[PDB]
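Novice: model the structure of this input:
(7 chains, ligands or ions: 19)
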Amino acid sequence: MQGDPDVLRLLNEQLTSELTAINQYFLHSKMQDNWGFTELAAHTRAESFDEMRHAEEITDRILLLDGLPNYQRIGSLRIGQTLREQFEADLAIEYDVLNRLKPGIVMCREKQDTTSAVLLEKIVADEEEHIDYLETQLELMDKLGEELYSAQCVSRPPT
Amino acid sequence: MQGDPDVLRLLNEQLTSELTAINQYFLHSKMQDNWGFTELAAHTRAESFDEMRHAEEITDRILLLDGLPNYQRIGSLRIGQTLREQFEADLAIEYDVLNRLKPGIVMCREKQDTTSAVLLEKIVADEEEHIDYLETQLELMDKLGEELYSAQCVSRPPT
Amino acid sequence: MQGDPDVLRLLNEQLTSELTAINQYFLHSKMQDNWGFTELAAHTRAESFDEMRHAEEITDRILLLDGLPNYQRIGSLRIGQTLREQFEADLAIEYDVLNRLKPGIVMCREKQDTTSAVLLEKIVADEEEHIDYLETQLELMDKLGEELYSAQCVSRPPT
Amino acid sequence: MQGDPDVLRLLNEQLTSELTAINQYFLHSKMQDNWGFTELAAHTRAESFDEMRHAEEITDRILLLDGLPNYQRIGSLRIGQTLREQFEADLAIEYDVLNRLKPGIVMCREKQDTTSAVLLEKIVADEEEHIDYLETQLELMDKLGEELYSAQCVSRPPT
Amino acid sequence: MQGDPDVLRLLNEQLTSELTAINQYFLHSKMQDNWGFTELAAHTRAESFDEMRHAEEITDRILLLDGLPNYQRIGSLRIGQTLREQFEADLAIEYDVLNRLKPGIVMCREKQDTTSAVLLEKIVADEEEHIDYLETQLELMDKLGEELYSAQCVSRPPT
Amino acid sequence: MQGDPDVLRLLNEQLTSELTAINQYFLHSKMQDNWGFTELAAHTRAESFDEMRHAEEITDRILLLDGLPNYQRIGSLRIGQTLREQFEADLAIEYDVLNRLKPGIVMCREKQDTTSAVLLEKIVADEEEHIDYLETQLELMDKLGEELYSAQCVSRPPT
Amino acid sequence: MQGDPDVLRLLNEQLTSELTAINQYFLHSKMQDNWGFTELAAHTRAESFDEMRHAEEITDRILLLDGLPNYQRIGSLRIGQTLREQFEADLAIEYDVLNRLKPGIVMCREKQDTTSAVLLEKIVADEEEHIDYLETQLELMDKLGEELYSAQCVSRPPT
Ligand code: HEM
Ligand code: HEM
Ligand code: HEM
Ligand code: HEM
Ligand SMILES: [Fe+3]
Ligand SMILES: [Fe+3]
Ligand SMILES: [Fe+3]
Ligand SMILES: [Fe+3]
Ligand SMILES: [Fe+3]
Ligand SMILES: [Fe+3]
Ligand SMILES: [Fe+3]
Ligand SMILES: [Fe+3]
Ligand SMILES: [Fe+3]
Ligand SMILES: [Fe+3]
Ligand SMILES: [Fe+3]
Ligand SMILES: [Fe+3]
Ligand SMILES: [Fe+3]
Ligand SMILES: [Fe+3]
Ligand code: NA
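Specialist: Residues are numbered from 1 along each chain as shown, chains lettered A, B, ... in the order given. Ligands and ions are numbered 1, 2, ... in the order given. Coordinates below:
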């Protein structure tokens, strides 16, 4: 049984987004750890691994639909040079997901592929929470001031 | 609390298809077990028990909607005389499910019955997986050869 | 502390090779799994995860040398459409690694970066074993024959 | 305490055979493992270690009889390039053992050295079983076909 | 067994450096503890004990090479009066180590003393990580501000 | 994958030395045990088993390199008639290993085969240590006096 | 809180002696261990670690007194070439401690610094005991005879 060509292309575009985010988040976590923000880095690393899960799920869906998962293509990394830049770069990816997926889900259901729809609805919900988390860190950076904020991202003592 | 008569009719149609699948899968597994393919048989038998669970969830839904679950009607069994035929026979039932539930779900949602819809979406998801497994079994029969595939279905020694 | 720029170029090239390998091995694993070769897929999946460890190790080193780990660039995937093509495709990557690392190690040592050299020596040893595994599988295919080899790669019963 | 000179010679010849067998079987196990026949390899390896135990028992007896255990001399290895060859090679050693030890035991008892007699009687009993196993393996190859037989020697999946 | 005279000299110089580092780091840990930066103190102290382990490993190698471990000689301590100074002082030792050991290792290998080479390669790897940590600490001080940074070094409450 | 002819020859010469050592050490332990030096014999025996491990490692590396491990050829055994002679005879083998492997390693690295080099470097480190142990035993005999030294080799009471 | 200049100088002279002792004793244990006197070496080593403890205590008392602990200066090492010489060399250090600390304590108490006096009194009690031990070892050598005494220092068998 073959999936709908547009649904499949939508899934591959999402796949590319996940692969991009895996790399971007993973690199950020390494950088964060390298700067001594070890506590922050553990969180960002986990976000990276969650993206790997999404990526695998999508790959599973594509193969079931008899498509070809695209592992060759990658989007453009935005690698931040400060904590703030990193949060904002990560926000950018997440917002791009929502813009793609919101109308994509509607399309999936019009094409009577609810299983694909449901998988993307799951992703939307996960990205909304991450977007919320990030936007809250940026808020706290302003409420706290950048130094005091950063201090909450190191262990005691710093390592 | 009375359900939409069309939604109700759809649910009863799906229940008929579950009860048919239960009998078909169960019998196929007894045959497989009776032929010597005991390892395969256990798998088929479990598939039968999952159909039972689906049938019961459908029954619950119908009763909740004040409908009358149809336990009288059974569709036409396709009993396979070879492992290949049995896989093809089970495969044909699942495709009927998809063919019915795809527009079924869209309809449920238009009639503003999301709970019934979510039940059918769950079923579509499981059926797709089972279709994939069965289609994959048939491909494996071609790659391995009939005899070779069949030998992976018996225990050691054969019981 | 600043790393030798050629050493850093070498590490980044190898990084790209690891990332290419992660994707290629992961996809091959999902394809093998989707064909029914569930026993083989588990192994291949594990080979993919070692590549991820390697990539992190190289990343750590690059960061320590105050370099810029490249997560943007990816090599050409070689995707196989049979078990044989897959083994050959994965072999081609590994062989590339050796050819790059054999001179690289000598070079790292001429440049007095032994930590980087030892890292790459470790990689070489691993790749040598993976190559030996792959090449042995290809041999087995011939000794046992395609089908019979394939049968050793499915569970009982097949899943 | 001094041993009879012919008994000591008989014992030292048997030792050479053990030492020969140790090396032959161990290399075979290595080559079988290297080939992917890892299940067979473990058995062959175990056979090598039993040979080591024989060799040590013979050494003990020689030392007790105030003789000189010969660890310098070795027989000619027959290294097989196929599973069948390896079995026939191993068989050939085991037969030489019977041919030597049968008259040897009668001799030991004639010379009233029953302890050496009993040691040699145990080795004969052990070699007969090993020979029988090798013969069965050669037979199974004929009954199952070589490829099919080989497949019973790999693990699932082939490691 | 006699060691090469230059290798032995290289080894004894490294020993002096270890002995120097042991004392410097230990005093620093004591002064950090004494200042109330008790969380930092424990890490620094641990660093001192790793130095002790290095020193013992070097001594073992010298003794094995029939040389004379020099425990009389010591380098000039650089005792810091601020946390920043202490970090810079400690850094200065670690850099001298790299500067000595880099050419030293090539020399050991030229003289075909690989065991001494490997020991020195391990120390380099360890020193690079320590240097990186010190650099990160210096950086964190800049990013967090000195007071804020210091506060990440006291316990709650300050003991 | 095919190994360099000089590296393979180097590895095989070393394998010959390991096999030779295994025999010499094992027989020495048996003699020591038969003289009543049961405590010393246990250590000598364990040394033999370590040689067995090295021989397996070399064998594996040869097989990976697609060479033929030589199990046919054994070096000349020096079998000591006193503890001192045994000690000295074992020293002579070990010093031959160092003699070969020192330029051997350098050549391995010139030929860009680091995995092989690293195996031999490990072997050299172990041998340097066994030489230390043996030379110290010989020193102890001179210090304590042979009778007294021998007494430390027996159990209480002697067995 | 500021300590008396003579008390501080007293404490620092003693610290210098502890640091000197640590080195002399540790190196002696390493030599003893390398001569095969492994049992004796363990005790000598533990003595070194006890000196380390005294040095930390003195360091703490100095810091509390607001002085500068001297970790730059080490006394003259007497490194014995035989057990007897090592024993005698260690005695000489210990007797110097008593020589200093005896009037040292009295002066401490005249200056109304009992905490410091009590630390030194503890040190003296420990040293008197280590002197007893060492003098008894030297007596034992005369009684048993050096060879025999040495034999009690090795394990069975010697390692
Ligand atoms: C037709 C409507 C049926 C319904 C709604 C139903 C429901 C269930 C359910 C919920 C279970 C529990 C196990 C599981 O769900 O996996 C079960 C077990 C079982 N089913 Fe059915 N079933 C039906 C008919 C049948 C038929 C036609 C057979 C033919 C053999 C059958 C044979 C069995 C057996 C032997 C068990 C195990 C009993 C036990 O474990 O004590 N059932 N059934
Ligand atoms: C591209 C840079 C990547 C890095 C640096 C990386 C790193 C890692 C590491 C170190 C692990 C754990 C290894 C272990 O525990 O054995 C891991 C797990 C995993 N990887 Fe990746 N990986 C990368 C890309 C990918 C890609 C392209 C996929 C495609 C599916 C993927 C899928 C996964 C999954 C599903 C897990 C398991 C997650 C978990 O168990 O929590 N990764 N990754
Ligand atoms: C001559 C060529 C030989 C080879 C290639 C060889 C190989 C090996 C290897 C690789 C081991 C691994 C030990 C471990 O992993 O701890 C081993 C163990 C052992 N060796 Fe040998 N060895 C040889 C000769 C001998 C001889 C002459 C004896 C005489 C008794 C012997 C007796 C043993 C025994 C009893 C063990 C351990 C048994 C066990 O692990 O179950 N070996 N050997
Ligand atoms: C030179 C100035 C030194 C100072 C001030 C010093 C200080 C100390 C102190 C106070 C302890 C406490 C031990 C205990 O509480 O049981 C200790 C333990 C120890 N010392 Fe040192 N020591 C010095 C030199 C050395 C040297 C040259 C070595 C050579 C190996 C060494 C190796 C060790 C080790 C391995 C421990 C225990 C490790 C642990 O507790 O985790 N020390 N040292
Ligand atoms: Fe995602
Ligand atoms: Fe996310
Ligand atoms: Fe169903
Ligand atoms: Fe189903
Ligand atoms: Fe890799
Ligand atoms: Fe690999
Ligand atoms: Fe035998
Ligand atoms: Fe046998
Ligand atoms: Fe160090
Ligand atoms: Fe360090
Ligand atoms: Fe060896
Ligand atoms: Fe050795
Ligand atoms: Fe003291
Ligand atoms: Fe003392
Ligand atoms: Na089979």
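
Novice: for the residue nearest the centre of chain A, what are its contacts?
Specialist: Among the residues of chain A, the one closest to the centroid is residue A:21, at 4.8 Å (CA atoms, centre = their mean). Listed by CB atoms under 8 Å, 6 or more residues apart in numbering or on different chains, the contact partners of residue A:21 are A:48, A:51, A:90, A:93. Quick note: C-beta positions are derived from backbone N, CA and C, even for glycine.

Novice: out of these, flag the one nearest to ligand 8.
Specialist: Using CB to the ion, the shortest approach to ligand 8 within the contacts of residue A:21 belongs to residue A:51, at 30.9 Å.

Novice: any buried residues in whatever helix or strand residue A:9 lives in, and which?
Specialist: Using DSSP states H and E, residue A:9 maps to helix A:5-34. By neighbour count on 16 or more other CB atoms under 10 Å in any protein chain shown, the buried set for helix A:5-34 is A:7-8, A:10-34.

Novice: which residues of chain A lie near chain E?
Specialist: Chain A comes close to chain E at residues A:34-36, A:147-148, A:150-151, A:154, A:156-159, as judged by CB under 8 Å from any CB of the partner chain.

Novice: which residue ranges form the helices in chain A?
Specialist: All helices of chain A, identified by DSSP state H, fall at A:5-34, A:38-64, A:83-110, A:114-144, A:146-151.

Novice: who wins for proximity to residue E:123 among those helices?
Specialist: helix A:5-34 (22.3 Å; CB to CB).

Novice: can you give the distance from that closest one to the centre of its chain?
Specialist: Centre-to-centre, helix A:5-34 and its host chain are 6 Å apart (CA atoms, centre = their mean, to the nearest Å).

Novice: okay, now residue A:117: neighbour count?
Specialist: Neighbour count for residue A:117, taken as other CB atoms under 10 Å in any protein chain shown: 21.

Novice: repeat for residue A:143
Specialist: Residue A:143: 10 neighbours (other CB under 10 Å).

Novice: check residue A:46 too.
Specialist: 12.

Novice: how close does it sit to residue A:52?
Specialist: From residue A:46 across to residue A:52, the span is 10 Å (CB to CB, to the nearest Å).

Novice: so what sits against both of those two?
Specialist: Common neighbours of residue A:46 and residue A:52 (CB under 8 Å, 6+ apart) do not exist.

Novice: what's the most buried one of the helices of chain A?
Specialist: helix A:5-34 (a mean of 22; mean count of other CB atoms under 10 Å in any protein chain shown).

Novice: leaving out sequence neighbours, find the closest residue to the residue of chain A found nearest ligand 5.
Specialist: Ranked by CB to the ion, the top residue of chain A for proximity to ligand 5 is residue A:54, at 4.0 Å. Closest residue in space to residue A:54, ignoring its immediate chain neighbours: residue A:18 at 5.0 Å, by CB to CB, 6 or more residues apart in numbering or on different chains.

Novice: for chain E, what's its nearest residue on chain A.
Specialist: residue A:157 (4.0 Å; CB to the nearest CB).

Novice: now do that residue: how many residues are near it, please.
Specialist: Using other CB under 10 Å, the number of residues around residue A:157 comes to 20.

Novice: return only those of the contacts of residue A:21 found close to ligand 2.
Specialist: Filtering the contacts of residue A:21 for proximity to ligand 2 by CB under 6 Å from any ligand atom leaves nothing.

Novice: spatially nearest residue to whatever residue of chain A ends up closest to ligand 8 (excluding sequence neighbours)?
Specialist: Proximity of chain A to ligand 8 (CB to the ion) peaks at residue A:115, 13.3 Å away. With sequence-adjacent residues excluded and distances taken as CB to CB, 6+ apart, residue A:115 is closest to residue B:125, at 4.8 Å.

Novice: OK, contacts around residue A:101?
Specialist: Going by CB under 8 Å, 6+ apart, residue A:101 touches A:14, A:120, A:123-124, A:127.

Novice: run the last query once more with 7 Å
Specialist: A:14, A:120, A:123-124 (CB atoms under 7 Å, 6 or more residues apart in numbering or on different chains).

Novice: how about residue A:13?
Specialist: Contacts of residue A:13 (CB under 7 Å, 6+ apart): residue A:100.

Novice: and it, how far from residue C:19?
Specialist: 20 Å.

Novice: do residue A:70 as well
Specialist: From residue A:70 to residue C:19 the distance is 15 Å (CB to CB).

Novice: one step back: tilt between the helix holding residue A:9 and helix C:5-35?
Specialist: Computed by axes from the mean of the first three to the mean of the last three CA atoms, to 10 degrees, the angle separating helix A:5-34 from helix C:5-35 equals 140 degrees.

Novice: the residue of chain A closest to chain E reaches residue E:44, doesn't it?
Specialist: No. With contact defined as CB atoms under 7 Å, residue A:157 does not reach residue E:44; the gap is 9.2 Å.

Novice: if we can go back for a sec, could you dump the helices of chain A to JSON lines with distance to ligand 3?
Specialist: Formatted as JSON lines, these follow (distance: least, CB to the nearest ligand atom, whole Å):
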{"stretch": "helix A:5-34", "distance to ligand 3": "39"}
{"stretch": "helix A:38-64", "distance to ligand 3": "37"}
{"stretch": "helix A:83-110", "distance to ligand 3": "49"}
{"stretch": "helix A:114-144", "distance to ligand 3": "49"}
{"stretch": "helix A:146-151", "distance to ligand 3": "52"}
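
Novice: could you export those helices as CSV, including distance to ligand 7?
Specialist: Below are the helices of chain A laid out as CSV (distance: least, CB to the ion, whole Å):
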stretch, distance to ligand 7
helix A:5-34, 23
helix A:38-64, 17
helix A:83-110, 21
helix A:114-144, 14
helix A:146-151, 53
